[PDB]
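Input: a single structure, listed below in structure tokens.
Cβ sites come from the backbone with ideal geometry, for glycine too, and all protein chains shown count toward neighbours. Derivation of every value follows stated rules applied to the coordinates shown; laboratory data play no part.
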Amino acid sequence: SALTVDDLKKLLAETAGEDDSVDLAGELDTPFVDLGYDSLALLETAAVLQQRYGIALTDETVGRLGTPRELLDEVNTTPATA
């Protein structure tokens, strides 16, 4: 468990800007579109996300997905061994 919804959440806010009631712990299954966050915001943190490691979680995949857990799982999924 390198990255969690905790370290990601903070990254979501910092990027998005939800410092009022961005309690992800109490809203994961719910899709961003449902909450408030917009694809854009995602695209934002998306780069910043890959800016650290080197992923491509852009609209491409961000399109099929629309949840936070899927944003963390994705990064906490893509292996690097093969």
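Our coupling estimate for segment 47-56, obtained by passing each phi through the Karplus curve with A = 6.51, B = -1.76, C = 1.60 and θ = phi - 60°, is 4, 3, 5, 6, 5, 8, 8, x, 10, 10 Hz, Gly and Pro reported as x. Percent relative contact order of the chain, based on C-alpha pairs within less than 8 angstrom and at least six residues apart? 36 percent.
Normalising by residue count, the chain has a Cα convex hull of 92 Å³ per residue.
Springs join every pair of Cα atoms under 10 Å in this Gaussian network model of the chain, and among 20, 38, 29 the largest mean-square fluctuation is at 20. Restricting the chymotrypsin sites (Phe, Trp or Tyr not before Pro) of segment 1-74 to loop positions (DSSP other than H, G, I, E, B) with no more than 14 neighbouring Cβ atoms within 10 Å leaves 53. This ranking places 6, 19 by how few other beta-carbon atoms lie within 10 Å of each, fewest first, which gives 19, 6. Between residue 82 and residue 61, the simple spin-label model (points 7 angstrom out along Cα→Cβ) gives 1.5 nm. Legend: calculated FRET efficiency, residue 43 to residue 6, from the Cβ-Cβ distance at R0 = 25 Å, rounded to 0.05, equals 0.70.
Relative to the longest principal axis of the C-alpha atoms of the chain, give the angle of the C-alpha long axis of helix 5-15, reported between 0 and 90° and rounded to the nearest 10°. So the inclination is approximately 70 degrees.
Among the trypsin sites (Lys or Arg not before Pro) within segment 1-70, those in coil by DSSP and having at most 11 neighbouring Cβ atoms inside 10 Å are 52.
Over the residues of the chain, the helix contribution to mean residue ellipticity at 222 nm works out to -13000 deg cm²/dmol, using -39500 (n - 2.57) for each DSSP H run of at least 4.
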